[PDB]
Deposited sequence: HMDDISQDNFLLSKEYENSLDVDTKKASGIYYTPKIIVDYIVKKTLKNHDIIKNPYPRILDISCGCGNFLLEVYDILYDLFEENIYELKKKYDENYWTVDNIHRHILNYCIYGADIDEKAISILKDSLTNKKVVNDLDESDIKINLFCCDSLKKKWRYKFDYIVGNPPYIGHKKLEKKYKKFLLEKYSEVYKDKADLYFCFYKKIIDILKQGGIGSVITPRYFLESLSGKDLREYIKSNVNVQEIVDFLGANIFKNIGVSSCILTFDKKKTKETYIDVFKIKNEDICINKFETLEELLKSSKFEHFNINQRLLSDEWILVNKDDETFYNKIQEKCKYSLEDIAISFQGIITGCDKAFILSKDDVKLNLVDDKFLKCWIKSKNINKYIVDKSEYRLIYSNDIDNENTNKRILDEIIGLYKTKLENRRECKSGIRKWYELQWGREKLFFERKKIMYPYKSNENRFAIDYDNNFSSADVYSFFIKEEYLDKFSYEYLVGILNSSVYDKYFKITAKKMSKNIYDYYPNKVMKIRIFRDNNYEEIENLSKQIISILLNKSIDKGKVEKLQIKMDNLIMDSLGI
């Protein structure tokens, strides 16, 4: 559970907080890392501080105690008054203690301010000038349940529902940061857009001044780690300034060590830079350049409806054990199952633009099985092969579900109707019309149009605009970026997409029906579909005035 931050990022974060520190004015800066590990950040802090003191050793000697300020005394002064570290791992602190001690060449047994503790429970006796480092990330599934109760009770300002452990480290860092202090950390990027991060975003915006945000998007910063990273730099300085430097990466395929320093990367064409007024941040942080802000605001103002206004959204089936209930449509065991129980089953990859692939899997809607005596063959030979795992599901342990029932079987009538489906994680907008009463797991989301909006919006019109290049860019402006070429397509953002209705409605709908007709042909003239899409994008851009 120890993750190594790349050196180029560590050096950037330390320089970000210390490069303009006035060591003459304050020769006693407290620099802290509350998840210091073996000292990836703190050992670099020592080097930066040592050069800082040695460069002004004669100025300090003249201004202050001239016997105290010598070069030979810098090592002791840094460890006594400047470097602070905390980490839950006892071995890590022991290694870091040796590394700090070995920075020089017993004399007086210098004390080092290293604490082996839970940084979220430690009674911190004072505040700190500078805080740097890389907190632990633990999501809602992997976090220990007894610990979560403590977080939900004591960190409720930032931690509710499906929040993450690193939310609480943001709160702790902000709380123990001195007035006028500077904090700089690398964390997952997801809180910038996620629904769970709403409270954390409010806490940051209303308690610190966010100096800078470096968004690496889907770039792989930690080798062999499936996480997407950002660097946040904030202060508690009294300033009329309210603008954030945002550095957004332009190419996710880059390797982080192109230059000797990170700031060479940021100033280069590999990144784009723009400013955001912190006072203009709503509960959402829309961090885009001026052209995209103009683009986004044009669509928002022009569109009088949202998907949430006109549609009913729902998540797919959650069986709780797919292997027990999902079978290949050619499996001989389906001869045991009455066709009244079988539903068509698709995965996220089966969703294309405008249409769904033919299903290859079947779902046993086991909720319709009355008792274990009438359909013993289905239970004994198919579902019962996983009875132990099925019995461990939460609702089976409480008795709410029978061991053979689907955990969250939803309502069949919601799936057995004309509806629009889209994958939950995709590189692009892929909204399809489902004609085949397809069921799916939670990797596919569905919606249908409310009865009172059927005379204003058709499914054919909706998939037309939703799959357009305009709406692909439009959705991605606020979408949750997960990994390289993957965005979350979840209702908490998809249903906030705004839609319009104007004079181009009939032609847009007609072009969509032509596309659907071609896509359903045996000899798909796939080429003409692209041309029809280009014409539709022109109509949509004409409609939205972009």
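K.L.:
How would you write out the unmodelled ranges of the deposited sequence, numbered from 1?
P.N.:
According to the deposited record, C-alpha coordinates are absent for 1-28, 134-137, which together make up the missing parts.
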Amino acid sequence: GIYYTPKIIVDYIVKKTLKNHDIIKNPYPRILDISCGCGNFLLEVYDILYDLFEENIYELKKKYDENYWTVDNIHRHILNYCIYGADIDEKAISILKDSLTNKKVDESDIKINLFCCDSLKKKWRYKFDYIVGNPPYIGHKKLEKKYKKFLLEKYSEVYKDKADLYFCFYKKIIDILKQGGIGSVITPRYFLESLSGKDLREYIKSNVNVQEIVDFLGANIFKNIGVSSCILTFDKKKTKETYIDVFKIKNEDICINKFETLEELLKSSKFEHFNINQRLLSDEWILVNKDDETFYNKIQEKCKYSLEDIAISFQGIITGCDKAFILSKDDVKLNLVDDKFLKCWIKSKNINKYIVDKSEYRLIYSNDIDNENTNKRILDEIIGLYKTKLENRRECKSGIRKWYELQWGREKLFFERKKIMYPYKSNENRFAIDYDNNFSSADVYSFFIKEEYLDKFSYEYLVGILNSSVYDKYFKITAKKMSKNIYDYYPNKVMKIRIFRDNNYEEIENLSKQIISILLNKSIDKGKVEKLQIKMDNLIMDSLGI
From here on, numbers count along this sequence of modelled residues.
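K.L.:
For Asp106, do at least a third of the other compared PDB entries give no atomic coordinates?
P.N.:
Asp106: unmodelled in a third or more of the comparison entries.
K.L.:
For the C-alpha atoms alone, is the average B factor greater in 172-180 or in 370-378, going by the entry?
P.N.:
Averaged over C-alpha atoms, the B-factors run higher in 370-378.
K.L.:
Looking only at CA atoms, which has the higher mean B factor in the entry: 281-289 or 433-441?
P.N.:
Comparing 281-289 with 433-441, the higher mean C-alpha B-factor belongs to 281-289.
K.L.:
Which of these has the highest Cα B-factor in the record: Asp245, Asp199, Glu451, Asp472?
P.N.:
Most elevated C-alpha B-factor of the set, per the entry: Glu451.
K.L.:
If I read the C-alpha B-factors straight from the PDB entry, which of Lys419, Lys237, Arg410, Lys353 is highest?
P.N.:
In this record, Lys237 carries the highest C-alpha B-factor of the candidates.
K.L.:
Ranking every modelled residue in this chain by its Cα temperature factor as given in the entry, which third contains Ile13?
P.N.:
Tercile = middle for this residue's CA B-factor.
K.L.:
Taking the values exactly as deposited, rank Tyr490 by C-alpha B-factor within its chain and report the matching third: lowest, middle or highest.
P.N.:
Bottom third by C-alpha B-factor.
K.L.:
Would you mind checking where the Cα B-factor of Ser359 ranks among the modelled residues of its chain, as the lowest, middle or highest third?
P.N.:
CA B-factor rank for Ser359: middle third.
K.L.:
Going by the recorded CA B-factors, say which third of the chain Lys62 sits in, lowest, middle or highest.
P.N.:
Within its chain, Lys62 is a highest-third residue by C-alpha B-factor, going by the deposited values.
K.L.:
How does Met536 rank on Cα B-factor within its chain, lowest, middle or highest third?
P.N.:
Tercile = lowest for this residue's CA B-factor.
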